[PDB]
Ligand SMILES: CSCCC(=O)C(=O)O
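Taking the form solved without this ligand, here's one chain by itself in structure tokens.
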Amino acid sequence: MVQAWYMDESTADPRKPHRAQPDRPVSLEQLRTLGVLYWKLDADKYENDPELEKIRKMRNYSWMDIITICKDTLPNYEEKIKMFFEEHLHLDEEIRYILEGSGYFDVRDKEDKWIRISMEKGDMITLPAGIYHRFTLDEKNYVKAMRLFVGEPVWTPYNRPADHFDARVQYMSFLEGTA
């Protein structure tokens, strides 16, 4: 089962689990109140999976590619890794389906406290436009992820503060409507 938790107060070593003590787990239902949605798939089948196709058609995920984050293969690795972990938002959904390996997507809750989401092979997530978030590898230091997009992609991050954007305003309005 996909795991998420409130983070501790240490600012060192982003790749460690950083579980708050005592444990404060976060449920998929609480994540939905933040607009964060999740599906579980068989990642071995990703090249030809009717279940993935059902989600892509439902959600209008008409575009995809594959990215591999590995200290060796990935160009500008050190710079990209730093960028990924900077708190930012996008004006579009951020949709990621983990094909191999694992990593952490952190999101702000309604009180602007960090929640860490542990994503592993088979896990698919969408972070809504406007949500403040960041990504890091975990201590296994490897992930292969499918990126999906509603139409032709724009990857631009806006590092916090980015509060003026319509996407952020609309997201804040969405938050008023959930539990």
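Residues carry their position along the shown sequence, with the first being 1.
Another form exists, deposited with this ligand bound; not displayed. Remarks below refer to it.
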property: 4.5 angstroms heavy atom contact with this ligand in the bound PDB entry for residue 69; result: yes
property: Distance check, residue 77 to this ligand in the bound PDB entry, heavy atom within 4.5 Å; result: no
property: Non-hydrogen atom contact residue 93 with this ligand in the bound PDB entry at 4.5 angstroms; result: no
property: Exercise: residue 135 in contact with this ligand in the bound PDB entry, heavy atom 4.5 Å; result: yes
property: In the bound PDB entry, the residue from 131, 55, 115, 145 that sits within 4.5 Å of this ligand by heavy atoms; result: 145
property: Partner-proximal stretch of 22 to 30, 56 to 64, 37 to 45, 137 to 145 relative to this ligand in the bound PDB entry, 4.5 angstroms, heavy atom; result: 137 to 145
property: Contact check for 158, 167 and 174 against this ligand in the bound PDB entry, heavy atom at 4.5 Å; result: no
property: Residues of stretch 105 to 125 in contact with this ligand in the bound PDB entry (4.5 Å, non-hydrogen atom); result: 105
